[PDB]
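Peer 1: Okay, here's the structure, questions in a sec.
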Amino acid sequence: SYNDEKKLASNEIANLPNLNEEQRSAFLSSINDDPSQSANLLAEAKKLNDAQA
Amino acid sequence: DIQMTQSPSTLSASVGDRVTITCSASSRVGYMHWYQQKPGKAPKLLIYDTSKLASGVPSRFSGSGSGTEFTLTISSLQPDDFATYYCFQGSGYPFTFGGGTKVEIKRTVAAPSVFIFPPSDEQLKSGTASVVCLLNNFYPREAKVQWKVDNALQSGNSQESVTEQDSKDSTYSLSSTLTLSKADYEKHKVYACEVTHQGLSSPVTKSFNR
Amino acid sequence: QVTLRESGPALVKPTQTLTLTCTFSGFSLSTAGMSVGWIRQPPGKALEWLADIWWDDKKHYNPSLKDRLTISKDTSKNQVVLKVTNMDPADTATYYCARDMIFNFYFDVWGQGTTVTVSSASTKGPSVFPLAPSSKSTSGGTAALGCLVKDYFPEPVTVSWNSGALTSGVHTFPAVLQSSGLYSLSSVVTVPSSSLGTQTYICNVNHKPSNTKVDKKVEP
């Protein structure tokens, strides 16, 4: 059920309004590679999102 | 890996019946998805994320479940629901499908219209002859078709084929083809197809003279 | 909207490698989160997932295929290619490609599928013969007529009527394998008897494996 972790985390990345396509691709690919890093990657995405608000 | 067993594997219900198909997975998945596959067509997404309706899917369809046990429900079985349904999990690799559930429609008995086509002249030139008997739009599927050439029953020189249930009237049709070299063909006179079916009071014969 | 279309040989010999191509539109495989996967279905059996590829070039393969698979993409041309080594008659199946997304993990759009047969036997084209309507194929009211497509290999054969304009009443029967090792099927359609004189009826027969196309007019 590693893909359920991917799916949940990926939708949370999709929810972020301020990432460009390059950045979305970066985080999604990292999630795709290793779902156990989701909590960390989301934190990183949210921080980057907010800095680009 | 994660595997799924569906039940039942075959299901027969009347129009308007409520139908339920279950899918049990070998281990917990977060979601179950369902596909509908009509005869000769690719699977089409029907239910996704366990209970969400895919686009172009009537409110008739619904899905439920969690953990290892999931169900698909059709609240008013229609003729066009004739299909095989598959559950599918994408929660772990390899992705897997259940074994499928073929849903058949029960309906009122219907006698076949019987037709016979002699060998076309075009074929007779090539030196072969096929005589085609056709039973059209009948229910149920069970039927018997025997060939008689000059009153003599035939064996092993004919082949049958039956359609899948029609998506509109839930009937079947069936063709039986008798194949003979042009030689043996012009060696006999009357060619006849004999048909037996529940919807017929007595066996119907369709014939022609060479 | 999204469409996918599979292409490749209809027939391959045992031990040979199969190459299938999926060409798609309505989406891009350079889009973040996007994927294409391949699924097959042997005659009368369940669907089996084979492989997938992601926009980031990540790939997965079903262990059941014993490392026989290679998948690749050309994002430029909207194509995904799947190769299968060492084909066996057990691999005879219809092969489908379909779109997935990392937000979904379900295949939401599929191609029409492409049929592959693994056999040493060689390609053979159909003969198409008239099944002319007559007093003997009339009920009512209604007359049946059709086309007999005989002696071909491998599957499949497709039959339309009147370039697709005629759909109601058509039955194209599943092919049957003859003892010669070749397939044969019929297609038939019931129409009003009163149209026999005024309406032209033509069966369009395609056997793509042998590059055969035949438009036969069927008349009384």
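Every chain in the structure tokens has a letter given in the order shown (A, B, ...), and although residue numbers restart at 1 in each chain, ligands are simply numbered from 1 in the order shown.
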Tell me, as a ChimeraX atom specification, which residues lie within 12 Å of region 51-56 of chain B, counting only C-alpha atoms; anything in the same chain fewer than 4 positions away does not count.
Peer 2: /B:30-36,44-47,60-66,70-74 /C:106-109
Peer 1: If you keep C-alpha atoms, can you produce a file of those selected residues as a tab-separated table (two decimals), in the first residue's frame?
Peer 2:
chain	number	residue	atom	x	y	z
B	30	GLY	CA	-7.00	2.13	0.78
B	31	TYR	CA	-9.23	2.06	-2.31
B	32	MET	CA	-10.95	-0.36	-4.67
B	33	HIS	CA	-11.80	0.46	-8.28
B	34	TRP	CA	-14.16	-1.26	-10.69
B	35	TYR	CA	-14.19	-1.69	-14.46
B	36	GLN	CA	-17.01	-2.71	-16.81
B	44	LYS	CA	-14.25	1.27	-18.98
B	45	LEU	CA	-13.82	2.89	-15.56
B	46	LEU	CA	-17.07	2.48	-13.62
B	47	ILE	CA	-16.37	3.15	-9.94
B	60	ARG	CA	-27.79	3.07	-10.78
B	61	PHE	CA	-24.17	2.14	-9.93
B	62	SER	CA	-22.64	2.43	-6.46
B	63	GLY	CA	-19.67	1.01	-4.60
B	64	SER	CA	-18.77	0.44	-0.97
B	65	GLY	CA	-16.30	-1.13	1.41
B	66	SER	CA	-12.99	-0.80	3.19
B	70	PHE	CA	-15.47	-4.21	-1.18
B	71	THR	CA	-18.74	-4.38	-3.10
B	72	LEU	CA	-20.16	-3.00	-6.32
B	73	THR	CA	-23.96	-2.60	-6.48
B	74	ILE	CA	-26.27	-2.06	-9.47
C	106	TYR	CA	-6.33	3.84	-11.40
C	107	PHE	CA	-6.49	3.66	-15.21
C	108	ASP	CA	-9.16	6.18	-16.13
C	109	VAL	CA	-8.90	6.03	-19.94
Peer 1: Please determine the contact residues of chain B with respect to chain C at a cut-off of 8 Å, counting only C-alpha atoms, and supply them as a PyMOL selection string.
Peer 2: chain B and resi 33+41-45+48+88-91+93-100+113-117+120+122-123+159-163+173-175+206
Peer 1: Write to file, as a compact mmCIF listing (two decimals), in the first residue's frame, the residues of the selection just made, with N, CA, C and O atoms.
Peer 2:
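The resulting file, out_8.txt, is reproduced below:
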# COMPACT_ATOMS: atom_id res chain seq x y z
N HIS B 33 -11.24 -0.11 -7.07
CA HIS B 33 -11.80 0.46 -8.28
C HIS B 33 -12.46 -0.65 -9.09
O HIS B 33 -12.13 -1.82 -8.92
N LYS B 41 -15.05 -4.92 -26.41
CA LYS B 41 -14.66 -3.56 -26.07
C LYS B 41 -13.61 -3.57 -24.98
O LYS B 41 -13.43 -4.57 -24.29
N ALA B 42 -12.90 -2.45 -24.84
CA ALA B 42 -11.95 -2.26 -23.74
C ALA B 42 -12.69 -2.03 -22.42
O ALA B 42 -13.83 -1.59 -22.41
N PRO B 43 -12.04 -2.32 -21.30
CA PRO B 43 -12.63 -1.99 -20.01
C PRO B 43 -12.88 -0.50 -19.93
O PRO B 43 -12.16 0.29 -20.55
N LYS B 44 -13.91 -0.12 -19.18
CA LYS B 44 -14.25 1.27 -18.98
C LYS B 44 -14.35 1.49 -17.48
O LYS B 44 -14.99 0.70 -16.78
N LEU B 45 -13.72 2.55 -16.97
CA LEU B 45 -13.82 2.89 -15.56
C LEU B 45 -15.27 3.10 -15.15
O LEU B 45 -16.01 3.83 -15.81
N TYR B 48 -14.55 4.47 -9.01
CA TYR B 48 -13.17 4.67 -8.59
C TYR B 48 -13.15 5.19 -7.16
O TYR B 48 -14.17 5.63 -6.63
N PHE B 88 -10.19 -3.72 -9.15
CA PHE B 88 -8.80 -3.41 -9.46
C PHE B 88 -8.22 -2.65 -8.28
O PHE B 88 -8.89 -1.81 -7.70
N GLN B 89 -6.97 -2.97 -7.92
CA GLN B 89 -6.28 -2.23 -6.86
C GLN B 89 -5.02 -1.62 -7.43
O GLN B 89 -4.28 -2.28 -8.17
N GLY B 90 -4.78 -0.35 -7.09
CA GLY B 90 -3.57 0.34 -7.49
C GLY B 90 -2.74 0.73 -6.29
O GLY B 90 -1.80 1.53 -6.40
N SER B 91 -3.08 0.16 -5.14
CA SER B 91 -2.44 0.51 -3.88
C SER B 91 -1.03 -0.06 -3.73
O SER B 91 -0.22 0.49 -3.00
N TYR B 93 2.24 -2.39 -6.03
CA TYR B 93 2.71 -3.08 -7.23
C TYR B 93 2.99 -4.55 -6.90
O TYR B 93 3.51 -4.85 -5.82
N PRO B 94 2.67 -5.46 -7.83
CA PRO B 94 2.05 -5.22 -9.14
C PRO B 94 0.59 -4.83 -8.98
O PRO B 94 -0.06 -5.26 -8.03
N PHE B 95 0.09 -3.98 -9.86
CA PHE B 95 -1.33 -3.68 -9.88
C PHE B 95 -2.03 -4.99 -10.21
O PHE B 95 -1.53 -5.77 -11.00
N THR B 96 -3.22 -5.21 -9.66
CA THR B 96 -3.91 -6.46 -9.94
C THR B 96 -5.41 -6.26 -10.13
O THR B 96 -5.97 -5.26 -9.70
N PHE B 97 -6.03 -7.22 -10.81
CA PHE B 97 -7.48 -7.25 -11.05
C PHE B 97 -8.05 -8.49 -10.41
O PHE B 97 -7.36 -9.50 -10.29
N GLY B 98 -9.33 -8.43 -10.02
CA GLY B 98 -10.04 -9.63 -9.62
C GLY B 98 -10.27 -10.49 -10.85
O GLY B 98 -9.96 -10.08 -11.98
N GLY B 99 -10.82 -11.67 -10.65
CA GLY B 99 -10.99 -12.63 -11.73
C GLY B 99 -12.17 -12.32 -12.64
O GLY B 99 -12.31 -12.93 -13.70
N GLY B 100 -13.00 -11.36 -12.25
CA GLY B 100 -14.10 -10.93 -13.10
C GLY B 100 -15.41 -11.58 -12.71
O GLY B 100 -15.41 -12.70 -12.20
N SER B 113 -36.17 -16.92 -34.81
CA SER B 113 -36.49 -16.90 -36.23
C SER B 113 -35.38 -17.66 -36.93
O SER B 113 -34.19 -17.39 -36.70
N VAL B 114 -35.74 -18.63 -37.77
CA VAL B 114 -34.74 -19.43 -38.47
C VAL B 114 -34.67 -19.05 -39.94
O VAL B 114 -35.69 -18.93 -40.62
N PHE B 115 -33.45 -18.87 -40.43
CA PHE B 115 -33.20 -18.54 -41.83
C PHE B 115 -32.13 -19.45 -42.39
O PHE B 115 -31.28 -19.95 -41.65
N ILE B 116 -32.16 -19.67 -43.70
CA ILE B 116 -31.13 -20.47 -44.35
C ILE B 116 -30.63 -19.80 -45.62
O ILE B 116 -31.41 -19.29 -46.43
N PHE B 117 -29.31 -19.81 -45.77
CA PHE B 117 -28.64 -19.22 -46.92
C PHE B 117 -27.88 -20.31 -47.65
O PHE B 117 -26.99 -20.93 -47.08
N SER B 120 -23.22 -19.22 -51.98
CA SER B 120 -23.19 -18.22 -53.03
C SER B 120 -22.48 -18.78 -54.25
O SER B 120 -21.56 -19.60 -54.12
N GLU B 122 -20.42 -17.43 -56.18
CA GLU B 122 -19.02 -17.03 -56.15
C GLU B 122 -18.18 -18.11 -55.50
O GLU B 122 -17.12 -18.47 -56.01
N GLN B 123 -18.65 -18.63 -54.37
CA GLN B 123 -17.92 -19.67 -53.66
C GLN B 123 -17.90 -20.97 -54.46
O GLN B 123 -16.85 -21.59 -54.61
N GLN B 159 -20.14 -26.31 -37.98
CA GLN B 159 -19.65 -25.60 -36.80
C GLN B 159 -20.63 -24.52 -36.37
O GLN B 159 -21.14 -23.77 -37.20
N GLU B 160 -20.85 -24.43 -35.07
CA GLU B 160 -21.72 -23.41 -34.51
C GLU B 160 -20.96 -22.23 -33.90
O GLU B 160 -19.81 -22.37 -33.48
N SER B 161 -21.63 -21.09 -33.86
CA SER B 161 -21.13 -19.91 -33.15
C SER B 161 -22.32 -19.17 -32.54
O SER B 161 -23.37 -19.05 -33.17
N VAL B 162 -22.17 -18.69 -31.31
CA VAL B 162 -23.26 -17.94 -30.71
C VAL B 162 -22.80 -16.56 -30.29
O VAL B 162 -21.66 -16.39 -29.86
N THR B 163 -23.66 -15.57 -30.43
CA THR B 163 -23.32 -14.22 -30.01
C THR B 163 -23.40 -14.12 -28.50
O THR B 163 -23.95 -14.99 -27.82
N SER B 173 -28.16 -14.89 -30.67
CA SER B 173 -28.34 -15.46 -31.99
C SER B 173 -27.26 -16.49 -32.22
O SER B 173 -26.23 -16.48 -31.54
N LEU B 174 -27.47 -17.38 -33.18
CA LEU B 174 -26.60 -18.52 -33.37
C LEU B 174 -26.53 -18.89 -34.85
O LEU B 174 -27.56 -18.98 -35.51
N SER B 175 -25.33 -19.11 -35.37
CA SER B 175 -25.16 -19.59 -36.74
C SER B 175 -24.55 -20.99 -36.73
O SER B 175 -23.69 -21.30 -35.91
N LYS B 206 -35.86 -25.59 -41.88
CA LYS B 206 -35.68 -24.68 -43.02
C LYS B 206 -34.82 -25.35 -44.08
O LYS B 206 -33.69 -25.73 -43.81
Peer 1: May I ask you to extract the residues of chain A within 6 Å of chain B, using only C-alpha atoms, and to give them as a compact mmCIF listing (two decimals) with N, CA, C and O atoms, in the first residue's frame?
Peer 2:
# COMPACT_ATOMS: atom_id res chain seq x y z
N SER A 1 0.82 -1.21 0.00
CA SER A 1 0.00 0.00 0.00
C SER A 1 0.86 1.27 0.00
O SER A 1 0.41 2.32 0.45
N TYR A 2 2.08 1.15 -0.52
CA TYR A 2 2.96 2.30 -0.70
C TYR A 2 2.37 3.34 -1.65
O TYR A 2 2.61 4.54 -1.51
N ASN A 3 1.59 2.89 -2.62
CA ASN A 3 0.98 3.82 -3.56
C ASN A 3 -0.12 4.69 -2.94
O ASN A 3 -0.40 5.76 -3.46
N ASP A 4 -0.76 4.21 -1.87
CA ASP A 4 -1.75 5.01 -1.15
C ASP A 4 -1.05 6.18 -0.47
O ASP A 4 -1.61 7.27 -0.35
Peer 1: Could you build a table of the residues in chain C lying no more than 9 Å from chain A, giving for each the nearest pair of atoms and their separation in Å rounded to one decimal place, using only C-alpha atoms, ordered by chain and ascending residue number, as JSON lines?
Peer 2:
{"residue": "C:31", "atom": "CA", "partner": "A:25", "partner_atom": "CA", "distance": 7.9}
{"residue": "C:32", "atom": "CA", "partner": "A:25", "partner_atom": "CA", "distance": 4.8}
{"residue": "C:33", "atom": "CA", "partner": "A:28", "partner_atom": "CA", "distance": 6.5}
{"residue": "C:54", "atom": "CA", "partner": "A:32", "partner_atom": "CA", "distance": 9.0}
{"residue": "C:55", "atom": "CA", "partner": "A:29", "partner_atom": "CA", "distance": 8.5}
{"residue": "C:56", "atom": "CA", "partner": "A:29", "partner_atom": "CA", "distance": 6.3}
{"residue": "C:58", "atom": "CA", "partner": "A:33", "partner_atom": "CA", "distance": 7.9}
{"residue": "C:101", "atom": "CA", "partner": "A:7", "partner_atom": "CA", "distance": 9.0}
{"residue": "C:102", "atom": "CA", "partner": "A:7", "partner_atom": "CA", "distance": 5.9}
{"residue": "C:103", "atom": "CA", "partner": "A:7", "partner_atom": "CA", "distance": 5.0}
{"residue": "C:104", "atom": "CA", "partner": "A:7", "partner_atom": "CA", "distance": 6.4}
{"residue": "C:105", "atom": "CA", "partner": "A:7", "partner_atom": "CA", "distance": 7.1}
Peer 1: Just the number, please: distance in Å from CA of residue 200 (chain C) to CA of residue 167 (chain B), one decimal.
Peer 2: 26.4 Å
Peer 1: Excluding same-chain residues fewer than 6 positions from region 118-124 of chain C, what lies within 12 Å of it counting only C-alpha atoms, as a PyMOL selection string?
Peer 2: chain C and resi 9-18+42+84-94+150-157+180-184+207-212
Peer 1: Do you have the CA of residue 82 (chain C)-CA of residue 22 (chain C) distance handy?
Peer 2: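 CA of residue 22 (chain C) lies 8.2 Å from CA of residue 82 (chain C).
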Peer 1: What separation in Å, quoted to one decimal, exists between CA of residue 104 (chain B) and CA of residue 12 (chain B)?
Peer 2: 4.6 Å
Peer 1: Can you list, as a PyMOL selection string, every residue of region 50-189 of chain C that DSSP puts in strand (DSSP E)?
Peer 2: chain C and resi 50-54+59-61+69-74+79-84+93-101+109-110+114-118+127-131+138-139+142-152+158-161+170-172+176-177+183-189
